[PDB]
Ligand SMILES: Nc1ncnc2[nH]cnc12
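One chain follows as structure tokens, the form solved without the named molecule.
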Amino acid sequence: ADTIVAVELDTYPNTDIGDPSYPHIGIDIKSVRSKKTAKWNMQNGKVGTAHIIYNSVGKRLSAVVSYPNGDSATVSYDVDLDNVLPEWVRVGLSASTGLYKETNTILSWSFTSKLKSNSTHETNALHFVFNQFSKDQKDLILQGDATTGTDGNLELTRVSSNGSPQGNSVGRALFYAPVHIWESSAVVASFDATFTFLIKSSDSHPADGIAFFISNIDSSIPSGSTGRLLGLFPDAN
């Protein structure tokens, strides 16, 4: 079982897995059962924006999803992610479909991590921005059904050439470089990710969702990780 820290955009209410009875954002530490959730008025076929932020001083991971009509949901959780994450990690995006299905299209993705040790404004830092994904995107490690098509969009799960999503699909995009999320003597580690998405469905019950995740370097899509496990977890412990 890989280590996973994630912010999950859960579109399908699995009440078997302990998911509230509505779509929701959640914060997941090493389990699909969120540590904290908030109700999320998913808007069909609209372009949504997610922001994940964490600084290691206040030790609070936060997320906010928002749609252009003004509506948004926030969730936040307290943890020393240094306790739970390895020094070095990859970061990425995950999505999945089940019997219910939905476009898991990523239009934009950006990330910044910064390690500020004990000195004069000299920081280890990494910052990347993707607003156009391209067929051959050599700095993404695509896994599963994820393709970065020619439309400038990351499709984390399968889609027909006719705009209909495929069920039973799992996909993920990881930055190629490992990220220095922490190190022993590190007074401030902090990161933040934004991504824009289009989750659209002809279904009543689009499913399932998209997630920003951090896991160890040679993280692969774990088996039995589709639909409700959003490509992150092998099972639902």
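Numbers follow the displayed sequence, beginning with 1.
One more form of this protein exists, namely the form deposited with the named molecule bound; it is left out here, but the text below deals with it.
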Quiz item: Does any heavy atom of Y12 come within 4.5 Å of a heavy atom of the named molecule in the bound PDB entry?
Solution: yes
Quiz item: Contact between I17 and the named molecule in the bound PDB entry at 4.5 Å, heavy atoms?
Solution: yes
Quiz item: Looking at the named molecule in the bound PDB entry, which residues in 195 to 229 have at least one heavy atom within 4.5 Å of it?
Solution: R228
